[PDB]
>>> print(open('model_12.cif').read())   # mmCIF, N, CA and C atoms and all ligand atoms
data_input
#
loop_
_atom_site.label_atom_id
_atom_site.label_comp_id
_atom_site.auth_asym_id
_atom_site.auth_seq_id
_atom_site.Cartn_x
_atom_site.Cartn_y
_atom_site.Cartn_z
N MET A 4 95.91 91.12 -49.37
CA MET A 4 97.22 91.84 -49.40
C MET A 4 97.48 92.30 -50.84
N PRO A 5 98.01 93.54 -51.06
CA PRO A 5 98.12 94.11 -52.40
C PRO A 5 99.11 93.43 -53.35
N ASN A 6 98.61 93.02 -54.53
CA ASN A 6 99.38 92.40 -55.60
C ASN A 6 98.75 92.88 -56.90
N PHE A 7 98.83 92.09 -57.98
CA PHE A 7 98.28 92.56 -59.23
C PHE A 7 96.76 92.61 -59.17
N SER A 8 96.14 91.98 -58.16
CA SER A 8 94.70 91.81 -58.09
C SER A 8 94.03 93.17 -58.07
N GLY A 9 92.94 93.33 -58.80
CA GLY A 9 92.16 94.56 -58.66
C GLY A 9 91.50 94.96 -59.98
N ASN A 10 90.94 96.17 -60.01
CA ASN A 10 90.25 96.70 -61.17
C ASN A 10 91.04 97.90 -61.62
N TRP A 11 91.48 97.85 -62.88
CA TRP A 11 92.45 98.84 -63.34
C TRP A 11 91.83 99.57 -64.53
N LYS A 12 92.16 100.86 -64.68
CA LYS A 12 91.64 101.66 -65.77
C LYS A 12 92.82 102.37 -66.43
N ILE A 13 92.83 102.41 -67.76
CA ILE A 13 93.99 102.91 -68.49
C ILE A 13 94.09 104.43 -68.30
N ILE A 14 95.31 104.98 -68.19
CA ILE A 14 95.48 106.42 -68.11
C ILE A 14 96.39 106.91 -69.22
N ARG A 15 97.23 106.05 -69.82
CA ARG A 15 98.11 106.48 -70.88
C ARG A 15 98.39 105.31 -71.81
N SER A 16 98.61 105.60 -73.09
CA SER A 16 98.86 104.59 -74.10
C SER A 16 99.81 105.16 -75.14
N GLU A 17 101.04 104.62 -75.18
CA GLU A 17 102.14 105.12 -75.99
C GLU A 17 102.59 104.09 -77.03
N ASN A 18 102.70 104.50 -78.30
CA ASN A 18 103.17 103.69 -79.42
C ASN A 18 102.17 102.60 -79.81
N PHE A 19 100.90 102.72 -79.41
CA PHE A 19 99.94 101.68 -79.76
C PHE A 19 99.77 101.58 -81.28
N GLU A 20 99.60 102.73 -81.96
CA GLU A 20 99.40 102.68 -83.41
C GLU A 20 100.59 102.05 -84.12
N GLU A 21 101.82 102.41 -83.70
CA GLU A 21 103.01 101.89 -84.38
C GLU A 21 103.04 100.36 -84.26
N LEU A 22 102.64 99.83 -83.09
CA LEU A 22 102.58 98.38 -82.85
C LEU A 22 101.59 97.73 -83.82
N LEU A 23 100.40 98.32 -83.96
CA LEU A 23 99.43 97.74 -84.87
C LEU A 23 99.99 97.83 -86.28
N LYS A 24 100.72 98.92 -86.55
CA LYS A 24 101.23 99.06 -87.90
C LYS A 24 102.13 97.87 -88.23
N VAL A 25 103.02 97.51 -87.29
CA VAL A 25 103.97 96.41 -87.46
C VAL A 25 103.21 95.10 -87.67
N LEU A 26 102.03 95.00 -87.06
CA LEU A 26 101.22 93.81 -87.15
C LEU A 26 100.35 93.79 -88.41
N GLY A 27 100.52 94.73 -89.34
CA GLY A 27 99.77 94.64 -90.59
C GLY A 27 98.40 95.35 -90.62
N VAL A 28 97.96 96.02 -89.54
CA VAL A 28 96.63 96.62 -89.50
C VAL A 28 96.65 97.89 -90.33
N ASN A 29 95.62 98.08 -91.17
CA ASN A 29 95.60 99.25 -92.04
C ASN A 29 95.15 100.48 -91.23
N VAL A 30 95.40 101.67 -91.81
CA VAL A 30 95.39 102.92 -91.06
C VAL A 30 94.02 103.23 -90.46
N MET A 31 92.91 103.05 -91.21
CA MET A 31 91.58 103.36 -90.68
C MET A 31 91.29 102.50 -89.44
N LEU A 32 91.58 101.19 -89.51
CA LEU A 32 91.39 100.31 -88.35
C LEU A 32 92.34 100.64 -87.21
N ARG A 33 93.58 101.03 -87.52
CA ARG A 33 94.43 101.46 -86.40
C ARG A 33 93.81 102.64 -85.66
N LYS A 34 93.25 103.62 -86.38
CA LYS A 34 92.77 104.85 -85.71
C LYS A 34 91.59 104.52 -84.78
N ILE A 35 90.78 103.56 -85.23
CA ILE A 35 89.61 103.10 -84.49
C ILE A 35 90.05 102.29 -83.27
N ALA A 36 91.10 101.46 -83.45
CA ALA A 36 91.71 100.72 -82.35
C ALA A 36 92.31 101.67 -81.31
N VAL A 37 92.99 102.74 -81.75
CA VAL A 37 93.55 103.67 -80.78
C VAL A 37 92.41 104.30 -79.99
N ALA A 38 91.31 104.65 -80.69
CA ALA A 38 90.24 105.31 -79.97
C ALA A 38 89.63 104.34 -78.96
N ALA A 39 89.47 103.07 -79.34
CA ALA A 39 88.88 102.07 -78.44
C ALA A 39 89.79 101.83 -77.22
N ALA A 40 91.11 101.95 -77.43
CA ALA A 40 92.10 101.64 -76.40
C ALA A 40 92.00 102.63 -75.26
N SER A 41 91.30 103.74 -75.46
CA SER A 41 91.24 104.70 -74.37
C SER A 41 90.18 104.30 -73.35
N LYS A 42 89.41 103.25 -73.65
CA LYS A 42 88.52 102.69 -72.63
C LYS A 42 89.02 101.32 -72.13
N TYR A 43 90.28 100.93 -72.38
CA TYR A 43 90.70 99.64 -71.81
C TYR A 43 90.50 99.59 -70.30
N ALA A 44 89.91 98.50 -69.81
CA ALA A 44 89.72 98.25 -68.40
C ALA A 44 90.23 96.82 -68.14
N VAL A 45 90.94 96.61 -67.02
CA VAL A 45 91.55 95.31 -66.78
C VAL A 45 91.11 94.88 -65.38
N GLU A 46 90.62 93.63 -65.26
CA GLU A 46 90.31 93.05 -63.96
C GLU A 46 91.27 91.88 -63.76
N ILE A 47 91.95 91.86 -62.61
CA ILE A 47 92.93 90.81 -62.33
C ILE A 47 92.56 90.19 -61.00
N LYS A 48 92.59 88.85 -60.97
CA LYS A 48 92.61 88.13 -59.71
C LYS A 48 93.89 87.30 -59.63
N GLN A 49 94.72 87.57 -58.61
CA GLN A 49 95.94 86.79 -58.46
C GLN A 49 95.94 86.05 -57.12
N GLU A 50 96.40 84.78 -57.15
CA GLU A 50 96.65 83.94 -55.99
C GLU A 50 97.92 83.12 -56.20
N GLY A 51 98.97 83.46 -55.43
CA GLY A 51 100.30 82.90 -55.70
C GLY A 51 100.74 83.18 -57.14
N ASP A 52 100.95 82.13 -57.96
CA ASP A 52 101.38 82.38 -59.33
C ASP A 52 100.29 81.99 -60.33
N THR A 53 99.04 81.89 -59.85
CA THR A 53 97.85 81.73 -60.71
C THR A 53 97.13 83.07 -60.96
N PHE A 54 96.88 83.36 -62.24
CA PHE A 54 96.23 84.61 -62.61
C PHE A 54 94.96 84.39 -63.43
N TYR A 55 93.97 85.24 -63.12
CA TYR A 55 92.83 85.43 -64.02
C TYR A 55 92.84 86.89 -64.46
N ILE A 56 92.78 87.13 -65.77
CA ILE A 56 92.80 88.50 -66.25
C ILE A 56 91.71 88.67 -67.29
N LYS A 57 90.89 89.70 -67.08
CA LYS A 57 89.83 90.07 -68.01
C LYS A 57 90.11 91.47 -68.53
N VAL A 58 90.31 91.60 -69.84
CA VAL A 58 90.55 92.87 -70.48
C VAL A 58 89.31 93.25 -71.29
N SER A 59 88.79 94.47 -71.11
CA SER A 59 87.60 94.82 -71.86
C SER A 59 87.68 96.25 -72.37
N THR A 60 86.97 96.49 -73.48
CA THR A 60 86.71 97.82 -74.01
C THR A 60 85.20 98.02 -74.03
N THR A 61 84.75 99.06 -74.74
CA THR A 61 83.33 99.36 -74.89
C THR A 61 82.56 98.13 -75.42
N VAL A 62 83.04 97.49 -76.50
CA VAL A 62 82.21 96.49 -77.16
C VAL A 62 82.80 95.08 -77.08
N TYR A 63 83.97 94.88 -76.45
CA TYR A 63 84.64 93.57 -76.52
C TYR A 63 85.24 93.21 -75.17
N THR A 64 85.32 91.91 -74.88
CA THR A 64 85.87 91.48 -73.60
C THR A 64 86.54 90.13 -73.84
N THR A 65 87.67 89.92 -73.14
CA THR A 65 88.51 88.73 -73.23
C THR A 65 88.97 88.33 -71.83
N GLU A 66 89.09 87.01 -71.57
CA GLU A 66 89.55 86.52 -70.28
C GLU A 66 90.73 85.59 -70.53
N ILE A 67 91.76 85.67 -69.70
CA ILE A 67 92.78 84.64 -69.80
C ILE A 67 93.03 84.10 -68.40
N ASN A 68 93.52 82.86 -68.39
CA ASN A 68 93.81 82.14 -67.16
C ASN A 68 95.19 81.52 -67.39
N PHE A 69 96.13 81.73 -66.46
CA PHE A 69 97.42 81.10 -66.63
C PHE A 69 98.09 80.92 -65.28
N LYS A 70 99.12 80.07 -65.27
CA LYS A 70 99.96 79.91 -64.09
C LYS A 70 101.39 80.15 -64.59
N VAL A 71 102.11 80.96 -63.81
CA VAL A 71 103.46 81.31 -64.24
C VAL A 71 104.20 79.98 -64.43
N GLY A 72 104.92 79.84 -65.53
CA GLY A 72 105.73 78.64 -65.64
C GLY A 72 105.03 77.58 -66.50
N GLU A 73 103.72 77.76 -66.79
CA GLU A 73 102.99 76.81 -67.62
C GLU A 73 102.43 77.42 -68.91
N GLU A 74 102.65 76.73 -70.02
CA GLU A 74 102.21 77.13 -71.34
C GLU A 74 100.68 77.20 -71.36
N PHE A 75 100.13 78.23 -72.02
CA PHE A 75 98.70 78.38 -72.21
C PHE A 75 98.53 78.93 -73.62
N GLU A 76 97.28 79.01 -74.11
CA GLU A 76 97.01 79.57 -75.43
C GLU A 76 96.19 80.84 -75.28
N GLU A 77 96.55 81.86 -76.08
CA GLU A 77 95.86 83.13 -76.12
C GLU A 77 95.98 83.67 -77.55
N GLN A 78 95.80 84.99 -77.73
CA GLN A 78 96.08 85.53 -79.05
C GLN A 78 96.99 86.75 -78.96
N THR A 79 97.70 86.99 -80.07
CA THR A 79 98.42 88.22 -80.30
C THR A 79 97.42 89.38 -80.31
N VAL A 80 97.99 90.59 -80.27
CA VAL A 80 97.21 91.82 -80.22
C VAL A 80 96.29 91.94 -81.45
N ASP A 81 96.75 91.45 -82.61
CA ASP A 81 95.99 91.49 -83.85
C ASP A 81 95.13 90.23 -84.02
N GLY A 82 95.07 89.38 -82.98
CA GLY A 82 94.09 88.30 -82.93
C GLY A 82 94.56 86.96 -83.52
N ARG A 83 95.85 86.79 -83.81
CA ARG A 83 96.34 85.47 -84.23
C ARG A 83 96.63 84.60 -83.01
N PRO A 84 96.18 83.32 -82.98
CA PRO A 84 96.35 82.47 -81.79
C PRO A 84 97.81 82.10 -81.50
N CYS A 85 98.18 82.02 -80.22
CA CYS A 85 99.60 81.81 -79.99
C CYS A 85 99.78 80.91 -78.77
N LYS A 86 100.97 80.30 -78.63
CA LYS A 86 101.29 79.67 -77.36
C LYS A 86 102.12 80.62 -76.50
N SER A 87 101.73 80.75 -75.23
CA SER A 87 102.32 81.75 -74.35
C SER A 87 102.92 81.09 -73.11
N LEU A 88 103.95 81.72 -72.54
CA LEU A 88 104.57 81.24 -71.31
C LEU A 88 105.07 82.45 -70.53
N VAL A 89 104.59 82.57 -69.29
CA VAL A 89 104.92 83.73 -68.48
C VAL A 89 105.96 83.29 -67.44
N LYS A 90 106.95 84.16 -67.16
CA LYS A 90 107.93 83.96 -66.09
C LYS A 90 108.06 85.25 -65.30
N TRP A 91 108.46 85.13 -64.04
CA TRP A 91 108.77 86.32 -63.26
C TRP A 91 110.11 86.89 -63.68
N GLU A 92 110.21 88.21 -63.59
CA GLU A 92 111.47 88.91 -63.76
C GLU A 92 111.87 89.54 -62.44
N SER A 93 110.90 89.76 -61.55
CA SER A 93 111.19 90.23 -60.20
C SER A 93 109.90 90.09 -59.40
N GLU A 94 109.83 90.73 -58.23
CA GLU A 94 108.71 90.49 -57.33
C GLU A 94 107.36 90.80 -57.98
N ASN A 95 107.29 91.93 -58.70
CA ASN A 95 106.03 92.33 -59.31
C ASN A 95 106.26 92.67 -60.78
N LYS A 96 107.08 91.87 -61.44
CA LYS A 96 107.16 92.01 -62.88
C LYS A 96 107.13 90.63 -63.52
N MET A 97 106.31 90.46 -64.56
CA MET A 97 106.28 89.19 -65.27
C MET A 97 106.41 89.45 -66.76
N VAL A 98 106.90 88.44 -67.49
CA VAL A 98 107.17 88.62 -68.91
C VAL A 98 106.66 87.38 -69.60
N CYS A 99 106.02 87.58 -70.75
CA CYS A 99 105.36 86.51 -71.45
C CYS A 99 105.97 86.47 -72.84
N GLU A 100 106.45 85.31 -73.27
CA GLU A 100 106.91 85.16 -74.63
C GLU A 100 105.86 84.34 -75.37
N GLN A 101 105.54 84.74 -76.60
CA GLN A 101 104.47 84.14 -77.40
C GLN A 101 105.05 83.49 -78.67
N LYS A 102 104.49 82.34 -79.09
CA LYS A 102 104.82 81.74 -80.39
C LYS A 102 103.54 81.47 -81.19
N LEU A 103 103.56 81.83 -82.47
CA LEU A 103 102.37 81.69 -83.32
C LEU A 103 101.99 80.21 -83.43
N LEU A 104 100.69 79.91 -83.29
CA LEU A 104 100.21 78.55 -83.53
C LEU A 104 100.44 78.17 -85.00
N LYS A 105 99.98 79.03 -85.92
CA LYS A 105 100.10 78.82 -87.36
C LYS A 105 100.88 79.99 -87.95
N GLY A 106 101.58 79.75 -89.06
CA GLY A 106 102.15 80.83 -89.85
C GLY A 106 103.46 81.37 -89.29
N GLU A 107 103.88 82.51 -89.87
CA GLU A 107 105.03 83.31 -89.51
C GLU A 107 104.55 84.75 -89.31
N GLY A 108 105.33 85.54 -88.56
CA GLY A 108 104.93 86.89 -88.18
C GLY A 108 105.91 87.51 -87.21
N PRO A 109 105.72 88.78 -86.80
CA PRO A 109 106.70 89.45 -85.95
C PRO A 109 106.77 88.74 -84.59
N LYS A 110 107.95 88.78 -83.95
CA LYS A 110 108.11 88.26 -82.60
C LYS A 110 107.36 89.19 -81.64
N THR A 111 106.39 88.64 -80.89
CA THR A 111 105.62 89.45 -79.96
C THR A 111 105.81 88.93 -78.54
N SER A 112 105.67 89.84 -77.58
CA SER A 112 105.70 89.48 -76.18
C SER A 112 105.03 90.61 -75.41
N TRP A 113 104.82 90.39 -74.12
CA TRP A 113 104.24 91.41 -73.28
C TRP A 113 104.84 91.25 -71.90
N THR A 114 104.84 92.35 -71.15
CA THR A 114 105.18 92.34 -69.73
C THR A 114 104.12 93.12 -68.95
N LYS A 115 103.98 92.80 -67.67
CA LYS A 115 103.16 93.56 -66.75
C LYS A 115 103.97 93.76 -65.47
N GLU A 116 103.84 94.96 -64.88
CA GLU A 116 104.59 95.33 -63.69
C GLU A 116 103.74 96.20 -62.76
N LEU A 117 103.75 95.90 -61.47
CA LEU A 117 103.20 96.77 -60.44
C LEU A 117 104.34 97.67 -59.99
N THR A 118 104.21 99.00 -60.09
CA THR A 118 105.28 99.91 -59.69
C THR A 118 105.12 100.21 -58.21
N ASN A 119 106.11 100.90 -57.63
CA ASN A 119 106.12 101.20 -56.20
C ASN A 119 105.09 102.27 -55.82
N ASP A 120 104.69 103.11 -56.78
CA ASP A 120 103.66 104.10 -56.48
C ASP A 120 102.29 103.73 -57.07
N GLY A 121 102.04 102.43 -57.26
CA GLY A 121 100.68 101.89 -57.35
C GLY A 121 100.12 101.77 -58.78
N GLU A 122 100.96 101.91 -59.80
CA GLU A 122 100.51 101.82 -61.18
C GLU A 122 100.72 100.40 -61.70
N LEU A 123 99.95 100.04 -62.73
CA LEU A 123 100.24 98.81 -63.45
C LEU A 123 100.69 99.19 -64.84
N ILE A 124 101.90 98.77 -65.19
CA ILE A 124 102.43 99.10 -66.49
C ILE A 124 102.42 97.84 -67.34
N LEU A 125 101.79 97.93 -68.53
CA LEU A 125 101.84 96.87 -69.53
C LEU A 125 102.76 97.33 -70.64
N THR A 126 103.64 96.43 -71.10
CA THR A 126 104.32 96.70 -72.35
C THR A 126 104.01 95.55 -73.29
N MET A 127 103.90 95.87 -74.56
CA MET A 127 103.61 94.88 -75.58
C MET A 127 104.58 95.20 -76.70
N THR A 128 105.20 94.15 -77.24
CA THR A 128 106.29 94.37 -78.16
C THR A 128 105.97 93.55 -79.41
N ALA A 129 106.29 94.12 -80.57
CA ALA A 129 106.32 93.35 -81.81
C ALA A 129 107.54 93.82 -82.61
N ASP A 130 108.44 92.87 -82.91
CA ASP A 130 109.78 93.16 -83.43
C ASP A 130 110.44 94.27 -82.62
N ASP A 131 110.64 95.42 -83.26
CA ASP A 131 111.44 96.48 -82.68
C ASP A 131 110.57 97.46 -81.89
N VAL A 132 109.23 97.32 -81.94
CA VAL A 132 108.31 98.37 -81.48
C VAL A 132 107.78 98.01 -80.10
N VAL A 133 107.84 98.95 -79.15
CA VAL A 133 107.37 98.70 -77.80
C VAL A 133 106.19 99.64 -77.52
N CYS A 134 105.00 99.07 -77.27
CA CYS A 134 103.87 99.86 -76.78
C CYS A 134 103.86 99.82 -75.25
N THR A 135 103.65 100.98 -74.63
CA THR A 135 103.48 101.05 -73.18
C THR A 135 102.09 101.58 -72.87
N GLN A 136 101.44 100.94 -71.89
CA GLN A 136 100.13 101.38 -71.44
C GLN A 136 100.17 101.37 -69.92
N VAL A 137 99.65 102.44 -69.32
CA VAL A 137 99.74 102.64 -67.90
C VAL A 137 98.34 102.62 -67.32
N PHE A 138 98.15 101.88 -66.22
CA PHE A 138 96.83 101.80 -65.62
C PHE A 138 96.92 102.24 -64.17
N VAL A 139 95.78 102.69 -63.62
CA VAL A 139 95.67 102.95 -62.20
C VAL A 139 94.47 102.18 -61.70
N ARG A 140 94.40 102.02 -60.37
CA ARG A 140 93.29 101.32 -59.74
C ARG A 140 91.99 102.14 -59.89
N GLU A 141 90.86 101.48 -60.16
CA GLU A 141 89.57 102.15 -60.21
C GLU A 141 89.22 102.73 -58.83
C1 LIG A 201 97.15 92.42 -69.29
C2 LIG A 201 97.05 92.63 -70.77
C3 LIG A 201 96.41 93.94 -71.18
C4 LIG A 201 96.18 94.25 -72.51
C5 LIG A 201 95.96 95.56 -72.89
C6 LIG A 201 95.70 95.82 -74.23
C7 LIG A 201 95.65 94.77 -75.15
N1 LIG A 201 95.39 95.00 -76.42
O1 LIG A 201 94.77 94.02 -77.18
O2 LIG A 201 95.68 96.15 -76.87
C8 LIG A 201 95.85 93.46 -74.76
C9 LIG A 201 96.10 93.20 -73.43
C10 LIG A 201 97.62 91.56 -71.72
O3 LIG A 201 98.13 90.56 -71.25
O4 LIG A 201 97.52 91.78 -73.06
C11 LIG A 201 98.72 91.41 -73.70
#
>>> encode(input="model_12.cif", output="structure tokens")
Amino acid sequence: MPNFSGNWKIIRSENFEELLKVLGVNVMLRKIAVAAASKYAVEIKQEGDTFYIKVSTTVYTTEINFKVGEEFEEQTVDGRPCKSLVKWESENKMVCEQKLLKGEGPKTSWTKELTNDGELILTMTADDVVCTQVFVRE
């Protein structure tokens, strides 16, 4: 039955560079990151409130495993390790708040949503900056 589960391919990416900028990434690396972001591919397996998510680009791949309501460890977009906790906001929207394991830095979070016309929308936030990325099913 249709939920977040599936193979998703990015179709749009808005404010990605500004987000990296807030996270301290210098301009040459941001431009390379933006170019890599146009091959983002996401594989999701969902069962009840347990998720497996694999995000990959051309040269890199990451997997996360979590259950809504339970703390897990992952990393911020710029690769600093964090403690994360996901909660539902509605039937097909979830929101994750992150806290840095070490150090200080911008407040980051992310949301994912299945829309009514079949898209997966990711938002990623750092302080005041919101990146939106839109995916469709492969
Ligand atoms: C689901 C998900 C997707 C994602 C897209 C892009 C990046 N990124 O490093 O640019 C990370 C993840 C996610 O949970 O990431 C927050």
>>> closest_residue(input="model_12.cif", among="A:124, A:80, A:88, A:22", to="ligand LIG 201 (chain A)", atoms="all atoms listed in the file")
A:80
>>> closest_residue(input="model_12.cif", among="A:92, A:81, A:52, A:141", to="ligand LIG 201 (chain A)", atoms="all atoms listed in the file")
A:81
>>> residues_near_point(input="model_12.cif", point="(96.2, 98.7, -84.3)", cutoff="6.5 Å", atoms="all atoms listed in the file", output="ChimeraX atom specification")
/A:19-20,22-24,28,32-34,36-37
>>> atom_distance(input="model_12.cif", atom1="atom C of residue A:65", atom2="atom CA of residue A:119")
26.5 Å
>>> closest_residue(input="model_12.cif", among="A:7, A:43, A:54, A:91", to="ligand LIG 201 (chain A)", atoms="only N, CA and C atoms and all ligand atoms")
A:43
>>> closest_residue(input="model_12.cif", among="A:10, A:53, A:112, A:87", to="ligand LIG 201 (chain A)", atoms="all atoms listed in the file")
A:112
>>> atom_distance(input="model_12.cif", atom1="atom CA of residue A:94", atom2="atom CA of residue A:118")
10.3 Å
>>> residues_near_ligand(input="model_12.cif", ligand="ligand LIG 201 (chain A)", cutoff="8 Å", atoms="all atoms listed in the file", output="PDB file with N, CA and C atoms, in the frame of the given file")
ATOM      1  N   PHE A  19     100.900 102.720 -79.410  1.00  0.00           N
ATOM      2  CA  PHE A  19      99.940 101.680 -79.760  1.00  0.00           C
ATOM      3  C   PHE A  19      99.770 101.580 -81.280  1.00  0.00           C
ATOM      4  N   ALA A  36      91.100 101.460 -83.450  1.00  0.00           N
ATOM      5  CA  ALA A  36      91.710 100.720 -82.350  1.00  0.00           C
ATOM      6  C   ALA A  36      92.310 101.670 -81.310  1.00  0.00           C
ATOM      7  N   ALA A  40      91.110 101.950 -77.430  1.00  0.00           N
ATOM      8  CA  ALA A  40      92.100 101.640 -76.400  1.00  0.00           C
ATOM      9  C   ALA A  40      92.000 102.630 -75.260  1.00  0.00           C
ATOM     10  N   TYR A  43      90.280 100.930 -72.380  1.00  0.00           N
ATOM     11  CA  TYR A  43      90.700  99.640 -71.810  1.00  0.00           C
ATOM     12  C   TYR A  43      90.500  99.590 -70.300  1.00  0.00           C
ATOM     13  N   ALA A  44      89.910  98.500 -69.810  1.00  0.00           N
ATOM     14  CA  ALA A  44      89.720  98.250 -68.400  1.00  0.00           C
ATOM     15  C   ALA A  44      90.230  96.820 -68.140  1.00  0.00           C
ATOM     16  N   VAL A  45      90.940  96.610 -67.020  1.00  0.00           N
ATOM     17  CA  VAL A  45      91.550  95.310 -66.780  1.00  0.00           C
ATOM     18  C   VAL A  45      91.110  94.880 -65.380  1.00  0.00           C
ATOM     19  N   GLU A  46      90.620  93.630 -65.260  1.00  0.00           N
ATOM     20  CA  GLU A  46      90.310  93.050 -63.960  1.00  0.00           C
ATOM     21  C   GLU A  46      91.270  91.880 -63.760  1.00  0.00           C
ATOM     22  N   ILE A  56      92.780  87.130 -65.770  1.00  0.00           N
ATOM     23  CA  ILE A  56      92.800  88.500 -66.250  1.00  0.00           C
ATOM     24  C   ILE A  56      91.710  88.670 -67.290  1.00  0.00           C
ATOM     25  N   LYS A  57      90.890  89.700 -67.080  1.00  0.00           N
ATOM     26  CA  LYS A  57      89.830  90.070 -68.010  1.00  0.00           C
ATOM     27  C   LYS A  57      90.110  91.470 -68.530  1.00  0.00           C
ATOM     28  N   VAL A  58      90.310  91.600 -69.840  1.00  0.00           N
ATOM     29  CA  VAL A  58      90.550  92.870 -70.480  1.00  0.00           C
ATOM     30  C   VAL A  58      89.310  93.250 -71.290  1.00  0.00           C
ATOM     31  N   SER A  59      88.790  94.470 -71.110  1.00  0.00           N
ATOM     32  CA  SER A  59      87.600  94.820 -71.860  1.00  0.00           C
ATOM     33  C   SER A  59      87.680  96.250 -72.370  1.00  0.00           C
ATOM     34  N   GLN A  78      95.800  84.990 -77.730  1.00  0.00           N
ATOM     35  CA  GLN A  78      96.080  85.530 -79.050  1.00  0.00           C
ATOM     36  C   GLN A  78      96.990  86.750 -78.960  1.00  0.00           C
ATOM     37  N   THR A  79      97.700  86.990 -80.070  1.00  0.00           N
ATOM     38  CA  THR A  79      98.420  88.220 -80.300  1.00  0.00           C
ATOM     39  C   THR A  79      97.420  89.380 -80.310  1.00  0.00           C
ATOM     40  N   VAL A  80      97.990  90.590 -80.270  1.00  0.00           N
ATOM     41  CA  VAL A  80      97.210  91.820 -80.220  1.00  0.00           C
ATOM     42  C   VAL A  80      96.290  91.940 -81.450  1.00  0.00           C
ATOM     43  N   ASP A  81      96.750  91.450 -82.610  1.00  0.00           N
ATOM     44  CA  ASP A  81      95.990  91.490 -83.850  1.00  0.00           C
ATOM     45  C   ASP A  81      95.130  90.230 -84.020  1.00  0.00           C
ATOM     46  N   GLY A  82      95.070  89.380 -82.980  1.00  0.00           N
ATOM     47  CA  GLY A  82      94.090  88.300 -82.930  1.00  0.00           C
ATOM     48  C   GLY A  82      94.560  86.960 -83.520  1.00  0.00           C
ATOM     49  N   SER A 112     105.670  89.840 -77.580  1.00  0.00           N
ATOM     50  CA  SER A 112     105.700  89.480 -76.180  1.00  0.00           C
ATOM     51  C   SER A 112     105.030  90.610 -75.410  1.00  0.00           C
ATOM     52  N   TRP A 113     104.820  90.390 -74.120  1.00  0.00           N
ATOM     53  CA  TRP A 113     104.240  91.410 -73.280  1.00  0.00           C
ATOM     54  C   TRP A 113     104.840  91.250 -71.900  1.00  0.00           C
ATOM     55  N   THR A 114     104.840  92.350 -71.150  1.00  0.00           N
ATOM     56  CA  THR A 114     105.180  92.340 -69.730  1.00  0.00           C
ATOM     57  C   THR A 114     104.120  93.120 -68.950  1.00  0.00           C
ATOM     58  N   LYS A 115     103.980  92.800 -67.670  1.00  0.00           N
ATOM     59  CA  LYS A 115     103.160  93.560 -66.750  1.00  0.00           C
ATOM     60  C   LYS A 115     103.970  93.760 -65.470  1.00  0.00           C
ATOM     61  N   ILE A 124     101.900  98.770 -65.190  1.00  0.00           N
ATOM     62  CA  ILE A 124     102.430  99.100 -66.490  1.00  0.00           C
ATOM     63  C   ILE A 124     102.420  97.840 -67.340  1.00  0.00           C
ATOM     64  N   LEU A 125     101.790  97.930 -68.530  1.00  0.00           N
ATOM     65  CA  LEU A 125     101.840  96.870 -69.530  1.00  0.00           C
ATOM     66  C   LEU A 125     102.760  97.330 -70.640  1.00  0.00           C
ATOM     67  N   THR A 126     103.640  96.430 -71.100  1.00  0.00           N
ATOM     68  CA  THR A 126     104.320  96.700 -72.350  1.00  0.00           C
ATOM     69  C   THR A 126     104.010  95.550 -73.290  1.00  0.00           C
ATOM     70  N   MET A 127     103.900  95.870 -74.560  1.00  0.00           N
ATOM     71  CA  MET A 127     103.610  94.880 -75.580  1.00  0.00           C
ATOM     72  C   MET A 127     104.580  95.200 -76.700  1.00  0.00           C
ATOM     73  N   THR A 128     105.200  94.150 -77.240  1.00  0.00           N
ATOM     74  CA  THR A 128     106.290  94.370 -78.160  1.00  0.00           C
ATOM     75  C   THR A 128     105.970  93.550 -79.410  1.00  0.00           C
ATOM     76  N   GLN A 136     101.440 100.940 -71.890  1.00  0.00           N
ATOM     77  CA  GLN A 136     100.130 101.380 -71.440  1.00  0.00           C
ATOM     78  C   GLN A 136     100.170 101.370 -69.920  1.00  0.00           C
TER      79      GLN A 136
END
>>> select_by_dssp(input="model_12.cif", residues="stretch 34-113 of chain A", states="alpha helix (DSSP H)", output="ChimeraX atom specification")
/A:34-39
>>> residues_around(input="model_12.cif", residues="residue A:9", least_positions_apart="3", cutoff="7 Å", atoms="only C-alpha atoms", output="count of residues only")
4
>>> closest_residue(input="model_12.cif", among="A:64, A:139, A:30, A:134", to="residue A:16", atoms="all atoms listed in the file")
A:134
>>> build_atoms(input="model_12.cif", residues="stretch 22-27 of chain A", atoms="N, CA, C and O atoms", output="PDB file, in the coordinates of the input")
ATOM      1  N   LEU A  22     102.640  99.830 -83.090  1.00  0.00           N
ATOM      2  CA  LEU A  22     102.580  98.380 -82.850  1.00  0.00           C
ATOM      3  C   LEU A  22     101.590  97.730 -83.820  1.00  0.00           C
ATOM      4  O   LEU A  22     101.885  96.728 -84.472  1.00  0.00           O
ATOM      5  N   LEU A  23     100.400  98.320 -83.960  1.00  0.00           N
ATOM      6  CA  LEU A  23      99.430  97.740 -84.870  1.00  0.00           C
ATOM      7  C   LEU A  23      99.990  97.830 -86.280  1.00  0.00           C
ATOM      8  O   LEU A  23      99.732  96.961 -87.118  1.00  0.00           O
ATOM      9  N   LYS A  24     100.720  98.920 -86.550  1.00  0.00           N
ATOM     10  CA  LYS A  24     101.230  99.060 -87.900  1.00  0.00           C
ATOM     11  C   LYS A  24     102.130  97.870 -88.230  1.00  0.00           C
ATOM     12  O   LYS A  24     102.022  97.287 -89.307  1.00  0.00           O
ATOM     13  N   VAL A  25     103.020  97.510 -87.290  1.00  0.00           N
ATOM     14  CA  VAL A  25     103.970  96.410 -87.460  1.00  0.00           C
ATOM     15  C   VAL A  25     103.210  95.100 -87.670  1.00  0.00           C
ATOM     16  O   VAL A  25     103.647  94.222 -88.397  1.00  0.00           O
ATOM     17  N   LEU A  26     102.030  95.000 -87.060  1.00  0.00           N
ATOM     18  CA  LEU A  26     101.220  93.810 -87.150  1.00  0.00           C
ATOM     19  C   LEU A  26     100.350  93.790 -88.410  1.00  0.00           C
ATOM     20  O   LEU A  26      99.517  92.914 -88.555  1.00  0.00           O
ATOM     21  N   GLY A  27     100.520  94.730 -89.340  1.00  0.00           N
ATOM     22  CA  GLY A  27      99.770  94.640 -90.590  1.00  0.00           C
ATOM     23  C   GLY A  27      98.400  95.350 -90.620  1.00  0.00           C
ATOM     24  O   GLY A  27      97.734  95.297 -91.643  1.00  0.00           O
TER      25      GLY A  27
END
